[PDB]
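Results of the structural survey
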Amino acid sequence: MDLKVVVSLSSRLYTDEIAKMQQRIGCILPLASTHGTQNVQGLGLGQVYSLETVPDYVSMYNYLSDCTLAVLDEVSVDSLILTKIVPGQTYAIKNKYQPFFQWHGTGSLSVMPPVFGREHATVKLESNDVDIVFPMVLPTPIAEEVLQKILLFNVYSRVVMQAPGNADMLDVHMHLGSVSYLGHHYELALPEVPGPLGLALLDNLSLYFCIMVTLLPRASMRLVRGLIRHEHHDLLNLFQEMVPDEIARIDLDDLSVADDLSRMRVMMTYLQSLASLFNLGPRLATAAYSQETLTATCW
Amino acid sequence: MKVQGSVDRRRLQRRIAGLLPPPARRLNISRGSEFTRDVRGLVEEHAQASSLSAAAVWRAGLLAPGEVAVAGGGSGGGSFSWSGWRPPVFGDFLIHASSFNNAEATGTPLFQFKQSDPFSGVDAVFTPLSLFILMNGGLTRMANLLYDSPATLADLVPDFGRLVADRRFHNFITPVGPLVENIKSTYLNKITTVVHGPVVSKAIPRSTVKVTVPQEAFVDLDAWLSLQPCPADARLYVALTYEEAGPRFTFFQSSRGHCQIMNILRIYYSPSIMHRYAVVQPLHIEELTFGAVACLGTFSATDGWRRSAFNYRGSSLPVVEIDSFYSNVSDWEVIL
Amino acid sequence: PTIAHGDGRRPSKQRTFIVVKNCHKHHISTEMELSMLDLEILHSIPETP
């Protein structure tokens, strides 16, 4: 059909803002609305990644999951010109993202919210008093490790200050710093983990995960015991051995039914949410590549 | 005397009427007329195989603004689509002449394992019988007839024993899809396949290739399980399994639904799972993973199965064929 | 240009190169000297032989 949007800007653009902008003439962008006439508002992620309010990872994933993505194609001060990304077609995307990861033919690119420093994901347009923020695009296997390692870095870095003698930060850094993949080694730039809670964009997700893991074994056994009938899964009775002696010791009588069901329900909510998160909802396949051209045929 | 104040209907009616025409469908035929031209117009699919001359290029219309060639090469308006027609995307493979047997069936889909050498320029692909070769009167005879000296394959992945014990063999391997064209050379063969689209032949002489799987591996999930309706699409899967014999590769096909398919899988594997996990070896951490599944695409149902007997070196092989398959590869899912 | 091949090798599409060459500028100087007595008697009409 026709797929294109021209976004007008308020004022003209300063020079070193135009060249800086040109440097990303092949990357992806999260839109606001599906119309061929839009302001600059709702085009990056600062709409949900501003500097005033605290960044929430989950708040950004809940927006990337349900939005429209597009590719830049022309940038010339007075207006930008992009093209939507709707299924049923093949687009051509040019890899340029400051923390750089070498792509391979026949992979599956995953758009993940920026976890690295802000300057490697954002571009400011001060002529218009607007920052545009770009989502991070990694090959699915890589993101699979980069999201677990950073999250465990959060945990360790918090608990070591909470309790000194639990571990050594040096065991944390040399372990989690490097991520290696497919005959390639990559070195993470870690976010230095500021102390107080809530001001870590991973703090919320770490809370979700840890509360889930603290609540799991209490409800697991109860759910196991209640199930058994004359006719049930053989495999259930089988795995009923696997659980440690410790958990099978827990007595359901001690917990009150109100609190018990509270744990049950909140834990199930946390599971249903968290497991969905890991799937890396916006994911797109790769068919071809060029290392010298930085071109990937994706869809 | 009114000084023009905007774009006018001219240059607008032209653009819009050409943008306008909708596809024809539901033409009425009368047994009196019984045949017409517009009937043919509805009929023709407009295949694109242009034949190398300048004027013929345009006549075929392979030179057309739309990704699909349109009639006459963009002169007419068109129908802005063809029932969601997406030209199949193709994958170009360069395979060592030893790993792949040229006499293989063309319908057979392919699998490539991820090699981990710096800047790998030659890759190693695997077909079902080949994977059966690696992981070690039935298949075995026909396989050993097709592939000899399995070390010629085993040296491709110098990590096989490590991955089978590490239960990570499933995650590396990516399927691609069915075979399309084949050129045979002494050193490195030229092979090309298709991913994410209708399975089709690219040869100038037209041929309709149908995906094939040998009968020992393929297991119809809906066959052995038995109101229920029959929908249009029927989906095919691969499943990898680490049994105490070894990694054992099979197949699965049904329309029953994903959440349902994972469940039927458990009841299917349960007795095998029991002895696998039983007294023989208790278990560590990584070892717990047992198998993995993937979705292989859509195949119109009620078409069902024919069984084609493949011939090689004076021996018969029983093989099932599924027609008009549409390639759509999905990722891997643990089953336990 | 390119060549057609039988292998499945990734095909190089149409290519094209653009190169720019620029100029260089060069300077030359010299100095000569003359006395004032010499330059002055170029101005005056001579009286005697």
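Residues numbered from 1 in each chain as written, not as in the entry; some residues may be left out. Chains lettered and ligands numbered in written order. Part of a larger assembly, values for the part shown. Heavy atoms only, no water.

Here we take up the overall build of chain C. Within chain C, the secondary structure is distributed over one helix and zero strands. With the C-alpha coordinates of chain C rotated into their principal frame, the extents come out at 100 × 15 × 15 Å. Buried positions account for 4% of the 49 residues belonging to chain C. Counting every atom, chain C has about 6,200 Å² of accessible surface; 59% of that belongs to carbon and sulfur. Taking the average location of the 6 positive side-chain charges in chain C and that of its 6 negative ones, the two points are 51 Å from each other. (Helix = DSSP H or I, 4+ residues; strand = E, 2+ residues; numbered from the N terminus. Buried < 20%, exposed > 50% of the residue type's maximum accessible area, 1.4 Å probe, protein only. Areas by Shrake-Rupley, 256 points an atom, 1.4 Å probe, with all protein chains shown as cover. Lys, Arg positive; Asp, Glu negative; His and termini not counted. Charge placed at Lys NZ, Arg CZ, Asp CG, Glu CD.)

As a further point, take the overall build of chain A. Along the backbone of chain A there are nine helices and 14 strands. Counting only residues that meet the buried cut, chain A has 39% of its 299 residues in that class. The contacts of chain A with a sequence gap of at least 6 include a subset with a gap of at least 24, amounting to 73%. As presented, chain A carries roughly 16,500 Å² of accessible surface, and 56% of it is formed by carbon and sulfur atoms. (Contact = heavy atoms within 4.5 Å.)

This paragraph deals with the interface of chain C and chain B. Of the residues lining the interface, four residues belong to chain C; the matching set on chain B comes to five residues. Together chain C and chain B conceal approximately 400 Å² of surface at their shared face, both sides included; 53% is due to carbon and sulfur atoms. Looking only at chain C, the three residues that lose the most surface to chain B are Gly6(C), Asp7(C) and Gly8(C), adding up to 86% of its buried area. Viewed at the interface, chain B and chain C are joined by zero salt bridges. For the pair chain C and chain B, the number of links is one residue pair in polar contact. (Buried area = accessible area lost by both parts, 1.4 Å probe. Salt bridge = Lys/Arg side-chain N within 4 Å of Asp/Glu carboxyl O. Polar contact = N/O pair within 3.5 Å; in protein donor to acceptor, adjacent residues only side chain to side chain.)

Residues and elements named next belong to chain A. Within the open sheet, the five strands sit side by side as 2-4-5-1-3. Their pairing is mixed. Because the sheet does not close on itself, it has two edges, and the strands there are strand 2 (28-30) and strand 3 (37-38). As paired elements, strand 4 (residues 69-76) and strand 5 (residues 79-84) share six bridges and run antiparallel to each other. Its bridge partner being in strand 5, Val71 is matched across the sheet by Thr83. (Pairing = 2+ DSSP bridges.)

Residues and elements named next belong to chain B. Spatially, the three strands line up as an open sheet ordered 6-11-10, and their pairing is antiparallel. Across the chains shown, the open sheet's two edge strands, defined by having one partner strand only, are strand 6 (211-214) and strand 10 (306-311). Here the strands of the sheet are splayed against their neighbours by 40° on average, with no regard to which way each runs. Where strand 6 meets strand 11 (residues 316-322), four bridges bridge the pair, whose relative direction is antiparallel. (Axes fitted to C-alpha atoms, helices over the stretch in contact; angles between N-to-C directions.)

All names here are of chain B. Turning to its location among the elements, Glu321 is positioned in strand 11. Of the buried charged residues, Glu321 lacks a salt bridge, with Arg306 as the closest side chain of opposite charge at 5.1 Å. For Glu321, the side chain forms a polar contact with the main-chain nitrogen of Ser308, separated by 2.4 Å.

Let us now look at the packing of aromatic side chains. In this description, a pair of aromatic rings is defined by centroid distance and the angle of the planes. Tallying each qualifying case throughout the model produces 15 aromatic pairs over all chains. Ring centres 6.5 Å apart and planes at 10° place the aromatic pair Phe113(B) and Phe169(B) in the stacked group. Looking at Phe169(B), the relative accessible area reads 3%, which means it is buried. Against the face of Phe134(A) rests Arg24(A), its NZ or CZ located 5.4 Å from the ring centre. Positioned over the ring face of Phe90(B) is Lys202(B), at 4.7 Å from the centre of the ring. (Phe/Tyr/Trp six-rings, centres within 6.5 Å; stacked < 30°, edge-to-face > 60°. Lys NZ or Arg CZ within 6 Å of the ring centre and 35° of its normal.)

Here we take up the interface of chain A and chain B. On the chain B side, the residues contacting the 15 residues of chain A number 18 residues. Roughly 1,600 Å² of surface becomes buried between chain A and chain B when both sides are summed, with 69% attributable to carbon and sulfur atoms. The interface formed by chain A and chain B includes zero salt bridges. Counting across the chain A and chain B interface gives one residue pair in polar contact. Of all the elements, helix 7 (residues 234-242) of chain A adds the most residues to the side of chain A that touches chain B, at five residues. Of the residues contributing to the side of chain A that touches chain B, the split by class is seven nonpolar, seven polar and one charged. (Nonpolar A, V, L, I, M, F, W, Y, C, P; charged D, E, K, R; others polar.)

Another point: the nonpolar core. Formed by 65 residues in total, the largest nonpolar core has its most connected members in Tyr57(A), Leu72(A), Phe134(A) and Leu138(A). The leading source of residues in this core is helix 4 (residues 140-162) of chain A, at six residues. Those residues within four positions of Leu138(A) in sequence are excluded, and the remaining contacts are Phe101(A), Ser108(A), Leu109(A), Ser110(A), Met112(A), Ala143(A) and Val146(A). Within the second largest apolar cluster, 42 residues are counted, among which are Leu153(B), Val157(B), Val211(B) and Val213(B). (Core = buried A, V, L, I, M, F, W, Y, C linked by side-chain atoms within 4.5 Å.)

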